[PDB]
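Student: What follows is final12.txt, compact mmCIF, C-alpha atoms and all ligand atoms.
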# COMPACT_ATOMS: atom_id res chain seq x y z
CA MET A 1 2.47 -12.23 -17.68
CA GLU A 2 5.94 -10.66 -17.55
CA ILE A 3 7.50 -10.82 -14.05
CA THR A 4 10.75 -8.94 -13.46
CA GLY A 5 12.95 -8.41 -10.43
CA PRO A 6 14.33 -7.87 -7.99
CA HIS A 7 14.25 -4.20 -8.94
CA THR A 8 16.31 -1.88 -6.74
CA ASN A 9 15.23 1.51 -8.13
CA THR A 10 14.08 3.90 -5.41
CA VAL A 11 11.30 5.53 -7.49
CA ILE A 12 8.55 4.22 -9.74
CA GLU A 13 7.32 7.04 -11.95
CA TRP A 14 3.56 7.56 -11.91
CA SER A 15 3.67 7.81 -15.71
CA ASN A 16 4.81 4.18 -15.91
CA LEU A 17 1.63 3.04 -14.11
CA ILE A 18 -1.00 4.74 -16.28
CA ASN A 19 -0.98 2.34 -19.23
CA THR A 20 -1.66 -1.13 -17.81
CA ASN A 21 -2.41 -3.01 -14.61
CA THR A 22 0.74 -3.52 -12.53
CA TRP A 23 1.44 -5.87 -9.65
CA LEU A 24 4.06 -4.74 -7.13
CA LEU A 25 5.23 -7.96 -5.49
CA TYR A 26 7.48 -8.85 -2.58
CA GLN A 27 9.11 -11.99 -1.33
CA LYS A 28 7.95 -12.47 2.24
CA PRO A 29 10.29 -10.38 4.44
CA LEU A 30 11.88 -11.66 7.63
CA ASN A 31 10.61 -8.73 9.75
CA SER A 32 8.29 -5.77 9.47
CA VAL A 33 9.49 -3.30 6.85
CA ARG A 34 8.17 -0.31 4.95
CA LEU A 35 7.69 -1.17 1.28
CA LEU A 36 6.56 1.98 -0.52
CA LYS A 37 4.91 5.38 -0.18
CA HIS A 38 2.99 7.73 -2.45
CA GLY A 39 2.86 11.25 -1.07
CA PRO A 40 4.95 14.30 -0.23
CA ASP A 41 8.06 14.05 1.92
CA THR A 42 6.17 15.29 4.98
CA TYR A 43 2.52 14.77 5.90
CA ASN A 44 0.10 17.15 4.19
CA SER A 45 -3.56 16.61 5.07
CA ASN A 46 -4.62 18.43 1.89
CA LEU A 47 -3.22 15.63 -0.28
CA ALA A 48 -4.16 12.00 -0.79
CA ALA A 49 -1.42 9.55 0.17
CA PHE A 50 -0.67 5.96 1.03
CA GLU A 51 2.12 4.00 2.69
CA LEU A 52 2.53 0.23 2.41
CA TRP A 53 4.26 -2.02 4.95
CA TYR A 54 4.85 -5.67 5.57
CA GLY A 55 4.04 -6.53 9.17
CA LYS A 56 5.34 -9.63 10.96
CA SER A 57 2.89 -11.24 13.37
CA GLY A 58 3.47 -10.11 16.94
CA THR A 59 5.11 -6.79 16.07
CA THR A 60 3.93 -3.18 16.06
CA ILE A 61 4.02 -1.23 12.78
CA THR A 62 4.02 2.57 12.98
CA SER A 63 3.60 4.72 9.88
CA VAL A 64 6.47 7.01 8.95
CA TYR A 65 4.53 9.36 6.65
CA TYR A 66 1.67 9.63 9.18
CA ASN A 67 3.84 9.68 12.32
CA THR A 68 2.67 13.19 13.32
CA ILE A 69 -1.07 12.71 12.68
CA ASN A 70 -3.48 12.74 15.63
CA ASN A 71 -5.21 9.45 14.83
CA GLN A 72 -4.86 5.95 16.31
CA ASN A 73 -4.91 4.39 12.83
CA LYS A 74 -1.24 5.41 12.42
CA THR A 75 -0.09 2.22 14.19
CA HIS A 76 -1.07 -1.43 13.92
CA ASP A 77 -0.35 -4.37 16.21
CA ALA A 78 -0.05 -7.21 13.71
CA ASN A 79 -1.76 -10.47 14.70
CA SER A 80 -0.75 -12.21 11.46
CA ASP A 81 1.95 -11.82 8.89
CA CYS A 82 0.31 -9.15 6.77
CA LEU A 83 0.39 -6.19 4.42
CA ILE A 84 -0.71 -2.87 5.93
CA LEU A 85 -1.70 0.14 3.82
CA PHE A 86 -2.00 3.37 5.79
CA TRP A 87 -3.98 5.70 3.55
CA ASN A 88 -5.93 8.91 3.22
CA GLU A 89 -8.01 10.33 0.37
CA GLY A 90 -10.92 12.73 0.06
CA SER A 91 -12.63 13.22 3.41
CA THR A 92 -11.02 10.10 4.95
CA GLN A 93 -8.42 11.35 7.46
CA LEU A 94 -6.63 8.02 7.93
CA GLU A 95 -7.47 4.34 7.62
CA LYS A 96 -5.36 1.20 7.66
CA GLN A 97 -6.17 -1.69 5.32
CA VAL A 98 -4.72 -5.00 6.54
CA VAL A 99 -4.61 -8.24 4.59
CA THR A 100 -2.96 -11.47 5.64
CA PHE A 101 0.19 -12.52 3.75
CA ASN A 102 -0.67 -16.17 3.07
CA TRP A 103 2.16 -17.23 0.75
CA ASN A 104 5.87 -16.66 0.03
CA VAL A 105 5.06 -13.68 -2.21
CA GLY A 106 2.51 -10.91 -1.74
CA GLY A 107 1.79 -7.36 -2.78
CA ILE A 108 -0.65 -4.95 -4.37
CA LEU A 109 -2.34 -4.52 -7.74
CA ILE A 110 -2.51 -1.05 -9.31
CA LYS A 111 -5.20 -0.52 -11.95
CA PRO A 112 -5.16 2.84 -13.80
CA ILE A 113 -8.54 4.55 -13.87
CA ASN A 114 -7.13 7.51 -15.85
CA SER A 115 -3.81 9.34 -16.10
CA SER A 116 -4.29 10.84 -12.61
CA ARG A 117 -6.20 8.14 -10.70
CA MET A 118 -5.31 4.58 -9.64
CA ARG A 119 -7.27 1.76 -8.01
CA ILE A 120 -5.15 0.02 -5.36
CA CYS A 121 -6.23 -3.58 -4.75
CA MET A 122 -5.24 -5.85 -1.85
CA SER A 123 -6.42 -9.33 -0.93
CA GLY A 124 -5.72 -12.17 1.49
CA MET A 125 -7.27 -14.94 3.55
CA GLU A 126 -7.85 -14.07 7.21
CA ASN A 127 -9.42 -15.57 10.30
CA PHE A 128 -11.47 -14.01 13.06
CA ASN A 129 -13.30 -15.36 16.10
CA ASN A 130 -10.75 -18.21 16.02
CA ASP A 131 -12.64 -20.26 13.42
CA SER A 132 -14.33 -17.87 10.95
CA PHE A 133 -12.51 -17.22 7.66
CA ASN A 134 -12.76 -14.44 5.08
CA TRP A 135 -11.21 -13.76 1.68
CA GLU A 136 -10.65 -10.04 2.03
CA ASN A 137 -10.73 -8.41 -1.41
CA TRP A 138 -10.39 -4.64 -1.05
CA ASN A 139 -9.75 -1.71 -3.30
CA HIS A 140 -9.74 2.06 -3.12
CA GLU A 141 -9.39 4.75 -5.78
CA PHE A 142 -6.67 7.35 -5.22
CA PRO A 143 -6.04 10.51 -7.20
CA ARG A 144 -2.39 11.30 -7.66
CA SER A 145 -1.22 13.02 -4.48
CA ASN A 146 -0.29 15.99 -6.62
CA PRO A 147 1.48 16.64 -9.94
CA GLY A 148 5.03 15.34 -9.98
CA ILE A 149 4.63 12.96 -7.02
CA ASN A 150 5.84 9.43 -7.84
CA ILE A 151 6.09 6.24 -5.75
CA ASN A 152 8.99 5.87 -3.32
CA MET A 153 10.31 2.29 -3.15
CA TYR A 154 12.16 1.37 0.04
CA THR A 155 12.94 -2.31 -0.56
CA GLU A 156 13.55 -4.48 -3.57
CA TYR A 157 10.43 -5.45 -5.46
CA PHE A 158 9.13 -7.48 -8.37
CA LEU A 159 6.88 -6.09 -11.11
CA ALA A 160 4.29 -8.07 -13.03
CA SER A 161 2.23 -6.89 -15.98
CA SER A 162 0.91 -7.99 -19.36
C1 LIG B 1 -7.17 14.70 0.34
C2 LIG B 1 -7.22 14.52 -1.15
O1 LIG B 1 -7.83 13.60 -1.68
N1 LIG B 1 -6.54 15.43 -1.86
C3 LIG B 1 -6.54 15.45 -3.31
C4 LIG B 1 -7.55 16.48 -3.81
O2 LIG B 1 -7.24 17.72 -3.15
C5 LIG B 1 -8.12 18.81 -3.49
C6 LIG B 1 -9.53 18.58 -2.96
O3 LIG B 1 -9.47 18.06 -1.64
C7 LIG B 1 -10.37 19.86 -2.96
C8 LIG B 1 -11.68 19.67 -2.20
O4 LIG B 1 -12.58 18.88 -2.98
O5 LIG B 1 -9.66 20.91 -2.30
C9 LIG B 1 -8.44 21.25 -2.97
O6 LIG B 1 -8.72 21.54 -4.34
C10 LIG B 1 -7.49 20.07 -2.89
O7 LIG B 1 -6.31 20.41 -3.61
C11 LIG B 1 -5.13 20.08 -2.85
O8 LIG B 1 -4.96 20.92 -1.70
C12 LIG B 1 -4.73 22.30 -2.00
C13 LIG B 1 -4.58 23.06 -0.69
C14 LIG B 1 -3.50 22.46 -2.88
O9 LIG B 1 -2.34 22.00 -2.18
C15 LIG B 1 -3.68 21.65 -4.15
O10 LIG B 1 -2.49 21.71 -4.95
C16 LIG B 1 -3.94 20.20 -3.79
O11 LIG B 1 -4.20 19.45 -4.98
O12 LIG B 1 -7.48 16.56 -5.24
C17 LIG B 1 -6.20 16.90 -5.79
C18 LIG B 1 -6.30 16.95 -7.31
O13 LIG B 1 -7.10 18.08 -7.68
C19 LIG B 1 -5.14 15.90 -5.34
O14 LIG B 1 -5.44 14.61 -5.89
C20 LIG B 1 -5.15 15.82 -3.82
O15 LIG B 1 -4.19 14.86 -3.38
Go ahead and render the structure in this file as C-alpha cells.

Tutor:
Amino acid sequence: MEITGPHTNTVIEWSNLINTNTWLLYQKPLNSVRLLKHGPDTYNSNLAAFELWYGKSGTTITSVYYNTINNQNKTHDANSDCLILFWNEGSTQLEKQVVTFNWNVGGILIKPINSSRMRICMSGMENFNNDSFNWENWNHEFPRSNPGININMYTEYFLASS
C-alpha cells in the first residue's frame, strides 16, 4: 500500500481512477467541511453526481451542489462525527449516505467497474437506539457524470493505492 499526502491539487482526473482501487483519505477535520464533488458546476438533474462532506457532531451540513434542489435530503443534522455523501444517480433524485468517523483518519474507497463507472464505498461503526451498534458497509455504482467531468477537491487529502 502506497499512501501519499497531503495533496493540495484541486482536481483529481477521472482517468487516474480507472486503473486501480483508490482510497481518498482525510485527517479528521476540526469542523464540518466539504471534501470533494463529482458533477457539473451547477446542479443538473439529468446527470449523476455526488458531494462528500465531513460533518462534526452537533452541526448542520447543507449541500452546495444540491442547494437548489427541492428535497429534504440536501441537509443533514449530524449526531456523530461523520462522513456525508449527498448523491444522485439513475432514478434516485437525492439520497444522503452517512457513516460515523470512528478514527483519526477516514474517507472513501473508489473501485473502478469500467472506464466510465466507479463503485464508491463507505463504512463506519454507528449506534442507534442508544445501545444497538452496526458496522455500516455501503456502496453505490456511479457512471461518470458526463464526459470530461473530473473530481473537485476542496481540502487537502491523502491517496492510498496498490
Ligand atoms: C441521472 C444519471 O444517472 N445520469 C447519467 C445517465 O444519463 C442518461 C440517462 O439518464 C438516460 C435515461 O436512461 O437519459 C439520458 O441519456 C441521460 O443522458 C444525460 O442527460 C442528457 C439530457 C444529456 O445531458 C446527456 O449528455 C447526459 O449524459 O447516463 C449518462 C451516460 O450515458 C451519464 O452517466 C449521466 O450522468

Student: Give me the residues near stretch 144-146 of chain A as a compact mmCIF listing (two decimals) with C-alpha atoms, in the coordinates of the input, where near means some atom within 9 Å (using all atoms listed in the file) and where sequence neighbours in that chain fewer than 3 positions away do not count.

Tutor:
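As a result, out_4.txt now contains:
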# COMPACT_ATOMS: atom_id res chain seq x y z
CA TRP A 14 3.56 7.56 -11.91
CA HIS A 38 2.99 7.73 -2.45
CA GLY A 39 2.86 11.25 -1.07
CA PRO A 40 4.95 14.30 -0.23
CA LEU A 47 -3.22 15.63 -0.28
CA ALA A 48 -4.16 12.00 -0.79
CA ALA A 49 -1.42 9.55 0.17
CA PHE A 50 -0.67 5.96 1.03
CA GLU A 89 -8.01 10.33 0.37
CA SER A 115 -3.81 9.34 -16.10
CA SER A 116 -4.29 10.84 -12.61
CA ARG A 117 -6.20 8.14 -10.70
CA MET A 118 -5.31 4.58 -9.64
CA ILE A 149 4.63 12.96 -7.02
CA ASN A 150 5.84 9.43 -7.84

Student: To test the calculation: enclose all listed atoms of stretch 107-117 of chain A in a box whose edges run along x, y and z, add 8 Å on each side, then state centre and edge lengths in Å to one decimal, as AutoDock Vina command-line options.

Tutor:
--center_x -3.4 --center_y 1.7 --center_z -9.4 --size_x 26.3 --size_y 34.2 --size_z 29.3

Student: What's the 8 Å shell around residue A:32, counting all atoms listed in the file, without same-chain residues fewer than 6 positions away, as a ChimeraX atom specification?

Tutor: /A:53-56,59,61

Student: Hey, can you spit out that residue selection with C-alpha atoms as a PDB file, in the coordinates of the input?

Tutor:
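So selection06.pdb came out as:
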ATOM      1  CA  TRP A  53       4.260  -2.020   4.950  1.00  0.00           C
ATOM      2  CA  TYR A  54       4.850  -5.670   5.570  1.00  0.00           C
ATOM      3  CA  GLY A  55       4.040  -6.530   9.170  1.00  0.00           C
ATOM      4  CA  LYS A  56       5.340  -9.630  10.960  1.00  0.00           C
ATOM      5  CA  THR A  59       5.110  -6.790  16.070  1.00  0.00           C
ATOM      6  CA  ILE A  61       4.020  -1.230  12.780  1.00  0.00           C
TER       7      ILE A  61
END

Student: Using only C-alpha atoms, find all polymer residues with an atom at most 12 Å away from the point (8.9, -9.3, -16.1); report them as a list in words.

Tutor: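 Residues with an atom at most 12 Å from (8.9, -9.3, -16.1): residues 1, 2, 3, 4, 5, 6, 7, 22, 23, 24, 25, 157, 158, 159, 160, 161 and 162 of chain A.
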
Student: Up to 10 Å from (-7.9, -17.2, 1.0) in the file's coordinates: name the residues, counting all atoms listed in the file, as a ChimeraX atom specification.

Tutor: /A:100-102,123-127,133-137

Student: Any chance you could export stretch 58-72 of chain A with N, CA, C and O atoms, as an mmCIF file, in the first residue's frame?

Tutor:
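Okay, this is what ended up in selection.cif:
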data_model
loop_
_atom_site.group_PDB
_atom_site.id
_atom_site.type_symbol
_atom_site.label_atom_id
_atom_site.label_comp_id
_atom_site.auth_asym_id
_atom_site.auth_seq_id
_atom_site.Cartn_x
_atom_site.Cartn_y
_atom_site.Cartn_z
ATOM 1 N N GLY A 58 -23.327 17.623 16.081
ATOM 2 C CA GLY A 58 -23.995 18.796 16.594
ATOM 3 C C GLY A 58 -24.098 19.950 15.629
ATOM 4 O O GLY A 58 -24.580 21.019 16.020
ATOM 5 N N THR A 59 -23.675 19.771 14.383
ATOM 6 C CA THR A 59 -23.733 20.817 13.380
ATOM 7 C C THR A 59 -24.682 20.393 12.265
ATOM 8 O O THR A 59 -25.079 19.228 12.157
ATOM 9 N N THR A 60 -25.047 21.365 11.434
ATOM 10 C CA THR A 60 -25.890 21.139 10.268
ATOM 11 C C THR A 60 -25.051 21.297 9.011
ATOM 12 O O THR A 60 -24.351 22.303 8.844
ATOM 13 N N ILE A 61 -25.119 20.294 8.140
ATOM 14 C CA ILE A 61 -24.372 20.252 6.891
ATOM 15 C C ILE A 61 -25.368 20.399 5.753
ATOM 16 O O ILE A 61 -26.319 19.620 5.656
ATOM 17 N N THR A 62 -25.146 21.384 4.893
ATOM 18 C CA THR A 62 -26.033 21.671 3.773
ATOM 19 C C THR A 62 -25.238 21.551 2.481
ATOM 20 O O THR A 62 -24.199 22.196 2.328
ATOM 21 N N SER A 63 -25.721 20.722 1.561
ATOM 22 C CA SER A 63 -25.026 20.536 0.296
ATOM 23 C C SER A 63 -24.885 21.861 -0.448
ATOM 24 O O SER A 63 -25.793 22.692 -0.448
ATOM 25 N N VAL A 64 -23.738 22.045 -1.094
ATOM 26 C CA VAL A 64 -23.563 23.153 -2.030
ATOM 27 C C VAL A 64 -24.115 22.785 -3.408
ATOM 28 O O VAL A 64 -24.975 23.481 -3.954
ATOM 29 N N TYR A 65 -23.646 21.677 -3.983
ATOM 30 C CA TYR A 65 -24.105 21.283 -5.314
ATOM 31 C C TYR A 65 -25.629 21.166 -5.369
ATOM 32 O O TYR A 65 -26.256 21.594 -6.347
ATOM 33 N N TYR A 66 -26.246 20.603 -4.329
ATOM 34 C CA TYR A 66 -27.684 20.366 -4.315
ATOM 35 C C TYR A 66 -28.479 21.494 -3.652
ATOM 36 O O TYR A 66 -29.655 21.297 -3.323
ATOM 37 N N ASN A 67 -27.880 22.672 -3.448
ATOM 38 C CA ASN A 67 -28.548 23.670 -2.613
ATOM 39 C C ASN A 67 -29.892 24.113 -3.183
ATOM 40 O O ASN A 67 -30.769 24.528 -2.419
ATOM 41 N N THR A 68 -30.093 24.023 -4.498
ATOM 42 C CA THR A 68 -31.351 24.471 -5.099
ATOM 43 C C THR A 68 -32.380 23.360 -5.285
ATOM 44 O O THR A 68 -33.477 23.642 -5.773
ATOM 45 N N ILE A 69 -32.055 22.109 -4.947
ATOM 46 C CA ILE A 69 -32.988 21.008 -5.171
ATOM 47 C C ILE A 69 -34.142 21.096 -4.179
ATOM 48 O O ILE A 69 -33.982 21.555 -3.043
ATOM 49 N N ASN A 70 -35.317 20.617 -4.595
ATOM 50 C CA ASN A 70 -36.488 20.578 -3.722
ATOM 51 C C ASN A 70 -36.573 19.190 -3.092
ATOM 52 O O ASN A 70 -37.356 18.333 -3.502
ATOM 53 N N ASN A 71 -35.758 18.976 -2.060
ATOM 54 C CA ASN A 71 -35.670 17.666 -1.429
ATOM 55 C C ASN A 71 -34.976 17.803 -0.082
ATOM 56 O O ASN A 71 -33.874 18.357 -0.004
ATOM 57 N N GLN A 72 -35.606 17.303 0.984
ATOM 58 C CA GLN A 72 -35.068 17.461 2.330
ATOM 59 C C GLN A 72 -33.749 16.731 2.545
ATOM 60 O O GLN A 72 -33.079 16.999 3.547
#
